[PDB]
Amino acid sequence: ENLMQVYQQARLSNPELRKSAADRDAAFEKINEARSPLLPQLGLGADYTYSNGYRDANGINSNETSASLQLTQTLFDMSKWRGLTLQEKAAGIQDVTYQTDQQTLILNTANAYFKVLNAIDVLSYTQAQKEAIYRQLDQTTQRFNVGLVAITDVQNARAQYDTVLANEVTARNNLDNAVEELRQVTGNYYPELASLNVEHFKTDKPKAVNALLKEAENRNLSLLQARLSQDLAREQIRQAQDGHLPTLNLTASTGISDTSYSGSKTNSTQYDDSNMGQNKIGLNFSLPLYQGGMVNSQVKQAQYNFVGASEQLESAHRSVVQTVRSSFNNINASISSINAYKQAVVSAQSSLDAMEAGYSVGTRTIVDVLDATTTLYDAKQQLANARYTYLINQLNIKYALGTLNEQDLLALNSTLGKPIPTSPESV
């Protein structure tokens, strides 16, 4: 019904947010795959060889039926140990990516919700303007049929009356495409929503912009993720750097191998029936000294990328400054506009009342009276819309601060009210 309920429905099922979670889940899951090369590697092998001879070996055949039980255990691989915390970091970037997506859904739903509401008001005023213009056309028509007004007055009215009728068409189509926006976001169709309580509508000027900036610094999400994506780039310098380092591998094994032989070749105590069993343990030290200049090159790029991710951060800061500062401007302009269009509506109404009392003694005409109606319901339109802009602007500030949430929608119920249906608000 109202916005909170609509969102609570929407978070329950919305693809874009769930698909974001699945990415976060996998990104956290993949840590275990990053840890695995540091854990015991155990395998089983089995061989069936067979031989022959045809030169010096003048036809010594044989065979094998071998079997292993191989173990690997890295005791010191720094590149491997580094690859784990890279994937842990990667999971962090994805979790911040996800929280960013939780706020986008709120904003997207609020907008979708207030787009529909606003669309209803544009249709209501269009209908109202239409009935106001039609009143004039109908009345002027009656006066004309008894010769009290010229034919011209009637033909000017009918013209303006048909402009609006076409306008109403667009407006009822726009409302019906707004509800379709909201159906795609929420996953549901709503015949009625909570209207805006116009009486209960107040305005609160925002916090100081330097205060808003000082906080955004701490809690903006695009900004934190940036500080994490850069930190990851730094760790990749080291993984590349760990190419200069040696490694140590424990490798234990156990196996059996029984062996046969053949025709007319040779003989003992040279060879035969064997049934070799053997257990093995081993430490493989292995250290790169110079492999083509690769490791130095891989560090350089990892560094250029770090320098690059350093730039994406300042970029992410400048966008936070732009958005916070421009959201401050925008909410202040909304409060200035609401107070403007309010005033406007009043004088638009009093000027219309003047046009009509003017039309009725000669100083004005039907075109003026009609033109007075159009400006009246345009002021009326623009006012109502400003209120919706102001609410959305309260939310965009919250978004820029990276602190948008359930409670900000919950708070918005103070200004909502009576249920309104969708077209027909006929006809």
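Residue numbers here begin at 1 and follow the sequence given.
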Check the entry's C-alpha temperature factors for 251-259 and 115-123, then say which stretch has the higher mean. 251-259
Comparing 221-229 with 80-88, the one whose average Cα B-factor in the PDB entry is higher: 80-88
So if I compare the CA B-factors in the entry for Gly277, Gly147, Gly187, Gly308, which one is the largest? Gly277
Tell me, please, which of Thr374, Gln70, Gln382, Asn396 has the highest C-alpha B factor according to the deposited entry? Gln70
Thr403: CA temperature factor from the record, placed by chain third, in the lowest
Could you look up the Cα B-factor of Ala57 in the entry and say which third of the chain it sits in: lowest, middle or highest? highest
Relative to the other modelled residues in the chain, which third contains the C-alpha temperature factor of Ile392: lowest, middle or highest? lowest
For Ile93, the third of its chain into which the C-alpha B factor falls: lowest
Splitting the chain's C-alpha B-factors into thirds, which one does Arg183 fall into? lowest
